[PDB]
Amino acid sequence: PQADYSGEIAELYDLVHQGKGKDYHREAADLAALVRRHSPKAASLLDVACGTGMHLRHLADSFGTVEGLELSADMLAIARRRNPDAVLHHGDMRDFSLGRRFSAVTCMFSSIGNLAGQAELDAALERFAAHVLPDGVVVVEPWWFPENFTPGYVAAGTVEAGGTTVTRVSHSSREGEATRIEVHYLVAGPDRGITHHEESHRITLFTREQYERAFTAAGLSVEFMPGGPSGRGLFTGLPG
């Protein structure tokens, strides 16, 4: 099964996350406000692992300039179509270099859990701090911690759009120091018939302290707020 957010899996991403109730509007509003508490005059924002560019489309209404970075060509193409006047870069959060800084650097919906190892987590946070202005803010939404992840968790939901029915079912296990989440889809419509699709991801269960250490090593002060967009909390970092 693919792990790379490509092809039909990428094409299905928006529909299934909206169908599950993800509200990128509220999240963007909440982000913009959190960003402004820490950095009252913030003007620009880079969203790293920006996926299909849903946060970016809403954040564009709150920030003068927004920009993205995304590893998967196929997610990125959706995001560019959604954000045709923003610059969105094809690149890797572990090692990119844009030559410019932003009032905010965000990395949402546990994209950071695609990293494996303290070294990768450290590298990425060093990048974020390399792209943040001196009076701005870095925001990283973590994955679950080892101690609060619920192994055996199943999600199942169905959404219909454009005449096509899409069912998504995930199962998640504790696979060592990461969550194995295996997701299957069935997609059906009168004219297209039925097709089955599948993806599978290891999403690293970093501990709180590992994130705190990566913020620290990057020069940032770090704070953690439990709950957050997805239940997993939110870490914010200020340069210093």
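Note that residue numbering follows the sequence shown and begins at 1.
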67-75 versus 96-104 - greater average Cα B-factor per the deposited record: 96-104
Entry-level comparison of average CA B-factors, 35-43 and 174-182, reporting the higher stretch: 35-43
Member of 146, 157, 113, 84 with the greatest C-alpha B factor (per the PDB record): 84
Per the PDB entry, maximal CA B factor within 137, 166, 121, 169: 121
Cα B factor band for residue 213 (lowest, middle or highest third within the chain): highest
Position of residue 240 among the chain's modelled residues by C-alpha B-factor, lowest, middle or highest third: highest
Ranked C-alpha temperature factor of residue 7 among modelled chain residues, by third: middle
Residue 27 CA temperature factor, ranked by third within the chain: middle
Within-chain third of residue 16 by Cα B-factor, per the entry: lowest
